[PDB]
Amino acid sequence: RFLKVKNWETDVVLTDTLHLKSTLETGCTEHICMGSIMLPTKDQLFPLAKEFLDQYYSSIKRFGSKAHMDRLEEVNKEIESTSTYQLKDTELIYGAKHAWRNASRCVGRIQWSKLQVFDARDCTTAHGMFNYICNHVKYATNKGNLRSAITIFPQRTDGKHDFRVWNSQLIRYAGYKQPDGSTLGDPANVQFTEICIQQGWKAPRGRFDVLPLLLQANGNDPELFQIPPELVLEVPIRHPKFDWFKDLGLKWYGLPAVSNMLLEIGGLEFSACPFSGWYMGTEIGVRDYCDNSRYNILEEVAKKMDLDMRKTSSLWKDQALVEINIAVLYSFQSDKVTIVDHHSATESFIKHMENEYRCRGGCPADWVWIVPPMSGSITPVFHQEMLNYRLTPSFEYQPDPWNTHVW
Amino acid sequence: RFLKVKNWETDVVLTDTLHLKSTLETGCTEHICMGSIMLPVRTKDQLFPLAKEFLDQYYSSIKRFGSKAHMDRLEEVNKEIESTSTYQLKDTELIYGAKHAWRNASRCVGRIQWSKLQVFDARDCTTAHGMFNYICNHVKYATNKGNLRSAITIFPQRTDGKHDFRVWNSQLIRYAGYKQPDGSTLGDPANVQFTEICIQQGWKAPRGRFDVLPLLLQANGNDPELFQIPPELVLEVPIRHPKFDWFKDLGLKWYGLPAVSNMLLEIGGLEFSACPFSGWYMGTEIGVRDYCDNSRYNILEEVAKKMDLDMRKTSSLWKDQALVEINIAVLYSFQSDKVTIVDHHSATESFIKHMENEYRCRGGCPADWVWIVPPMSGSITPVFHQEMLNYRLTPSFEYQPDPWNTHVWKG
Ligand code: HEM
Ligand code: HEM
Ligand SMILES: C[C@H](O)[C@H](O)[C@H]1CNc2nc(N)[nH]c(=O)c2N1
Ligand SMILES: C[C@H](O)[C@H](O)[C@H]1CNc2nc(N)[nH]c(=O)c2N1
Ligand SMILES: NC(=[NH2+])NCCC[C@H](N)C(=O)O
Ligand SMILES: NC(=[NH2+])NCCC[C@H](N)C(=O)O
Ligand SMILES: [Zn+2]
């Protein structure tokens, strides 16, 4: 029942009671752990709503109050009647914040309660979504002093009237397949980059082309929109020592904004809920720049550094990886664009876990995702045992729309 | 039921059926994953079935399933168990068992070598001096003047649980740790408690930074006895850096033979509580963990200073820069001295091939991602991008409590 997690570097032991409120499945069983797997009606709705309202009223210290019973009854009546319901603004904000609070794969949750929530439930068209999104981007970018935010479009109804942002992130670089067979730009987006074209986008076929938004509203087909360049903050990547670095011609965008997830609050599903925060250096420097299936830039940098790339044991890949990551952090900091290094971020997460354990009885966390992609054990989270479980409200994965849409 | 794992860097998808033969529990449930948790006498009643599963596996492996030899063996063991409450493995079965416990070790990234394990049968051993002799032979054989050879020495199995054979050391070779009155620690902090026990048992500690610990061996449930491994049998490597000449001046060195000696080997229900086994090091074990863990030698700062790195702010990644250098030094030193060692790139690449091979020829390969991915440069190694399934198969290596916590001292 009561599980304990130990930090092997500090011997601190925390007891977890919060998992006892877990509602969803993990993918694992008593016989097999799938911890490293990336993707493991009115009757259904009322209990979910009740579970939520119960959490909500408990959070505001009015559990079992008339207000609580009342709201509970109203939603109940509303569900029986409309076959669904609408959250009060207070509930929407609470749900979104807690969905972030419960995101076990996010290392930046110490900032969870500071989320700015933009209620776009009154939106009806793609131009309307473009407008809300532009406002979100400008607000969150804040001239480089990034502020976390989420914009929530209309909840699902019959599934045939769903709002969806086809981009995987609000801001990303295009990817095109060249004759060479090689890939131009970002390989992760090679496909999406084609669906835009299949829709009319005039791709400049460059290495870092900010992609166009492809917005889908109420179920209709999606439409394109170029984000005002003036609203997309970018950072040119240079090294605080290697002047040849700038010659690599590298740059990245300052606003990380996941837009393909689904937010579940009290049984209601918000299929278009783009959210943004700020980068942890390694996401760009290690993953986006050095993944073999991404910009795959290690060799080139090792060459410029003139490292012995003959034998893997010279650790040239590692040496270069470090310098590159030093450059990302140096550049962003140089331009006063918010960014956090993996040491500082992981340290904050440990502090957050302790806070959560003390004030909530636990903190669902996915070690596989929390531990940074470089220098793992020199960060504190590596030595921290973690329990992963699913709590709602939550952010869930959902199929890419172009594999579900009925034109 | 089939389960597929995908490698997100190559899109290669594998199908696992081997997990179906999994009996033991993981620690996880449908509602919770305990994947990052370090540590999540039998009855005749439970023994024969464990023995049969094993013998069935063994006989299938030699292509004699259902043979008369197979049936005769089951009958023989059956009788022996009912007769003596336990049973003895044939030499062939012991070797097969030991090799498969390694093949089944989900946290081991070096398993591509599993079939080549050298097995030393020490089941006729009866005393601590006898254990010391077997252990000296294992170390000399395994060390092979730097050309390391994997090996395991298997002492007598558990009987009533009151006559256990145990190697109290956690590794055959490891450095002493000493807690100083000012609160600092001299040597390896990981071995402080064991060092204290050694001293209490009579070991005269030289109190240095790299003192090789004595073996504390327990035979037949008797009190443990101390023994010094012949210095000439302990191969060590002075650590220096190819470009930094001041690195050598840090006075660092490590032993070349990693030999875990505190695990329990289970084969067909039998429990081998003393089964020291050795392979060769992956550089990061030493360079990242033993040297840079805050709770181990913790040398990151000192190296960083010498490199004159900007240690004012973490975002300078001075820790990351120094970590790479230290790891370059470890690999370089071992290679120069011609002592077997493998870097994490080579090791993980090999593990991916081994895993794929296993899926195709065996139906799977239980693997613990948390342990398999190296403690540095995780995503630039192929294993990071490889989905894995973790489950427990027997024969297997299991954890057991430190003997000093359970031993009934006879005086
Ligand atoms: C404010 C600063 C933030 C930081 C430093 C932070 C950091 C991170 C990091 C490093 C990851 C892994 C990304 C990857 O490997 O692709 C992540 C994942 C995640 N974060 Fe955050 N985060 C922040 C804000 C947010 C916000 C505002 C939300 C939601 C309201 C959120 C929800 C999540 C979720 C659901 C995931 C997993 C996404 C997936 O499965 O791909 N994060 N975050
Ligand atoms: C050929 C050399 C070998 C290499 C390169 C190799 C590499 C590794 C590495 C890097 C780990 C993680 C160690 C740690 O983080 O503390 C490990 C764990 C493990 N290996 Fe191997 N290994 C080798 C040989 C063996 C042999 C001979 C066996 C068994 C006969 C074996 C059984 C295991 C087990 C059971 C674990 C988990 C130990 C624990 O839980 O502390 N390995 N190995
Ligand atoms: C297969 C494995 O699950 C996969 O590569 C995971 C590992 N850890 C990760 N961690 C983070 N933060 N982000 C990722 O995309 C991944 N990918
Ligand atoms: C808490 C966490 O499980 C722990 O620090 C693990 C992580 N991965 C590891 N991986 C290896 N190879 N060895 C270890 O000791 C660990 N320690
Ligand atoms: N810190 C964040 N909010 N990250 C969101 C995911 C961004 C993704 N990891 C990237 O490198 O583009
Ligand atoms: N490759 C091996 N056989 N390793 C055994 C464990 C050694 C242990 N990690 C150490 O650093 O001492
Ligand atoms: Zn699990």
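To be clear, the structure that these remarks concern was listed above.
As a numbering rule, every chain is indexed from 1 in the order its sequence is written, which need not reproduce the entry's residue numbers; residues that lack coordinates are not presented. The order in which chains are written sets their letters, starting at A; the order in which ligands are written sets their numbers, starting at 1. The basis for every side-chain value is the complete set of non-hydrogen atoms in the structure, without hydrogens or water.

A few words on the overall build of chain B. Scanning chain B for helices and strands turns up 11 helices and 18 strands. C-alpha atoms define the radius of gyration in this analysis, and the globule rule sets the expected value at 2.2 Å times the number of residues to the power 0.38. Its C-alpha radius of gyration of 23 Å places chain B within 12% of the 22 Å reference for a compact globule of 411 residues. For each residue, the accessible area found with a 1.4 Å probe, counting protein chains only, is set against the maximum for its type, and the residue is called buried under 20%, exposed over 50%, and partly exposed in between. For chain B, with 411 residues in total, the buried portion stands at 55%. Here the accessible surface of atoms and residues is derived via Shrake-Rupley with a 1.4 Å probe, and residues count as covered only by protein chains that are part of the display. In the form shown here, chain B has an accessible surface area of approximately 17,700 Å², with 50% of it arising from carbon and sulfur atoms. Looking at charge distribution, chain B has the averaged site of its 47 positive side-chain charges lying 3 Å from that of its 49 negative ones. We count a stretch as a helix when DSSP gives it H or I for four or more residues in a row; a strand needs E for two or more, and each element gets its number in order from the N terminus. We score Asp and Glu as negative and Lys and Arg as positive, and we do not count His or the chain ends. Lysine's charge is taken at NZ, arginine's at CZ, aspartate's at CG and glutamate's at CD.

It is worth spelling out the interface of chain B and chain A at this point. It is common to report an interface's size as the accessible area lost on association of the parts. Listed by partner, the interface residues are 61 residues for chain B and 64 residues for chain A. What gets called buried area is simply the loss in accessible area from a 1.4 Å probe that two parts show on being joined, summed for both. Of the roughly 5,200 Å² buried between chain B and chain A on both sides combined, carbon and sulfur atoms contribute 60%. For the chain B face of the interface with chain A, the top three residues by lost area are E30, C33 and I380 of chain B, together amounting to 11%. We define a salt bridge as a side-chain nitrogen of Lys or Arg found within 4 Å of a carboxyl oxygen belonging to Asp or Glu. At the junction of chain B and chain A, the tally comes to zero salt bridges. Those elements that provide at least two residues to the side of chain B that touches chain A are β1 (3–6), α6 (283–292), α8 (318–336), α9 (344–362) and α10 (369–372) of chain B. Polar here means any residue outside two lists: the nonpolar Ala, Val, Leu, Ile, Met, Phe, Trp, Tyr, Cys and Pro, and the charged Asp, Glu, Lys and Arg; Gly therefore counts as polar. The residue makeup of the side of chain B that touches chain A, split by class, is 27 nonpolar, 24 polar and 10 charged. Contacts: residue pairs with any heavy atoms within 4.5 Å of one another.

Moving on to the site of ligand 2. All names here are of chain B. Think of it this way: one heavy atom of a residue within 4 Å of a molecule or strand is enough to make that residue near it. Near ligand 2 you find 17 residues, and of these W102, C108, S278, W280 and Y399 are the closest. What qualifies as a polar contact is a pair of N or O atoms within 3.5 Å, subject to a donor-acceptor requirement within protein and to the restriction that residues adjacent in sequence count only when both atoms come from side chains. One of the side-chain N or O atoms of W102 is found 3.4 Å from a nitrogen atom in ligand 2. Between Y399 and ligand 2, the recorded distance is 2.3 Å, taken from a side-chain N or O atom to an oxygen atom.

One donor from the polypeptide reaches the iron atom of ligand 2: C108 of chain B (SG), at 2.4 Å. By the element assignment, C108 of chain B lies in the loop between α3 (91–103) and β3 (118–121). Only nitrogen, oxygen and sulfur atoms count as donors, using a 2.8 Å cut-off from the metal that widens to 3.2 Å for Na, K and Ca. Water is left out, so coordination shells may look unfilled.

Turning to the coordination of the zinc ion (ligand 7), a few remarks are in order. For the zinc ion (ligand 7), the full set of protein donor atoms is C28 of chain A (SG), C33 of chain A (SG), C28 of chain B (SG) and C33 of chain B (SG), at a range of 2.3 Å. Geometry is assigned from donor-metal-donor angles: four donors are tetrahedral when every angle falls between 85 and 135 degrees, four are square planar and six octahedral when opposite donors sit over 155 degrees apart with all other angles between 65 and 115, and any other arrangement is irregular. For the zinc ion (ligand 7), the four donor atoms in the first shell make angles of 99 to 121 degrees at the metal, a pattern classed as tetrahedral. Of this pair, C33 of chain A sits in the loop between β2 (13–16) and α1 (42–59) while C28 of chain B sits in the loop between β2 (13–16) and α1 (44–61), on two different chains.

The subject of this paragraph is the packing of aromatic side chains. Centres within 6.5 Å are what make two rings of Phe, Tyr or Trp a pair, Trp counting through its six-membered ring; a difference in plane orientation under 30 degrees is then read as stacked, over 60 as edge-to-face, and the rest as tilted. Applying the stated criterion to the full structure yields 45 aromatic pairs over all chains. Ring centres of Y132 of chain A and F153 of chain A lie 6.0 Å apart, and the angle between their planes is 90 degrees; this geometry places the pair in the edge-to-face category. Of the two residues, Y132 of chain A sits in helix α4 (residues 126–141) while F153 of chain A sits in the loop between β4 (149–152) and β5 (164–165), which places them 21 residues apart along the sequence. Here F153 of chain A falls in the buried class, since its relative accessible area comes to 0%. Centroid distance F208 of chain A to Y295 of chain A: 5.0 Å. Interplanar angle 5 degrees. Geometry classified as stacked. Within this pair, whereas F208 of chain A is found in the loop between α5 (190–197) and β8 (213–216), its partner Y295 of chain A is found in the loop between α6 (281–290) and α7 (298–304), the two being separated by 87 residues in sequence. Classification of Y295 of chain A as buried rests on a relative accessible area of 7%. Here the guanidinium or amino end of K6 of chain A rests over the ring plane of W8 of chain A, the centre of that ring lying 3.6 Å away. Cation over ring: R149 of chain B sits above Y141 of chain B, and NZ or CZ is 3.8 Å from the ring centre. For a ring to carry a charge above it, either NZ of a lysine or CZ of an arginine must fall within 6 Å of the ring centroid while also lying within 35 degrees of the normal to the ring plane.

With that settled, the discussion passes to α1 of chain A. Residue and element names in this part refer to chain A. One fewer than the residue count of a helix, multiplied by 1.5 Å, yields its expected span. Between its first and last C-alpha, α1 extends 25 Å over 18 residues, near the 26 Å set by a 1.5 Å rise per residue. Residues of α1 that are buried: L45, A49, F52, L53, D54, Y56 and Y57. Where the residues of α1 are buried, they touch α2 (66–82), α3 (89–101), β12 (262–265) and β13 (268–270). Positive phi shows up at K61, right after α1, with a value of about 60 degrees.

So, about the pairing of β3 of chain B. All names here are of chain B. Note on pairing: two strands pair once DSSP finds at least 2 bridges between them. Both β3 and strand β4 (residues 151–154) contribute to a ladder of four bridges, which runs parallel. In the strand pairing of β4, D121 is matched with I154. For the segment spanning β3, helix α4 (residues 128–143) and β4, crossover handedness is right-handed. Convention used here: a crossover is right-handed provided that the path from the first strand, over the helix, to the second strand proceeds clockwise when the strands point away from the viewer.

So, on to the pattern of salt bridges. Under the defined criterion, the tally for this structure stands at 47 salt bridges over all chains. With a shortest N-O distance of 2.8 Å, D308 of chain A and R310 of chain A are connected by a salt bridge. Overall, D308 of chain A belongs to the partly exposed group, its relative accessible area being 30%. Among the residues examined, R310 of chain A registers a relative accessible area of 74% and is labelled exposed. Bridged by salt links that share partners, the residues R42, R158, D164, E266 and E271 of chain B form one connected network.

With a 1 Å grid laid over protein atoms only, a set of points is called a cavity when a 1.4 Å probe fits there but cannot get out and a pocket when it is open yet has protein on both sides within 12 Å along at least five of seven lines; lining residues have an atom within 4 Å of a point. Grid points are joined across faces, edges and corners, and a volume is the space filled by probe spheres set on the points. In this model, the largest cavity occupies a volume close to 170 Å³. Lining the largest cavity are 19 residues, and of these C33, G35 and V368 of chain A together with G35 and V370 of chain B lie nearest its centre. Sorting the residues of the lining of the largest cavity by element identifies α10 (367–370) of chain A together with α10 of chain B as the ones contributing at least two each. Broken down by class, the residue content of the lining of the largest cavity amounts to 11 nonpolar, six polar and two charged.

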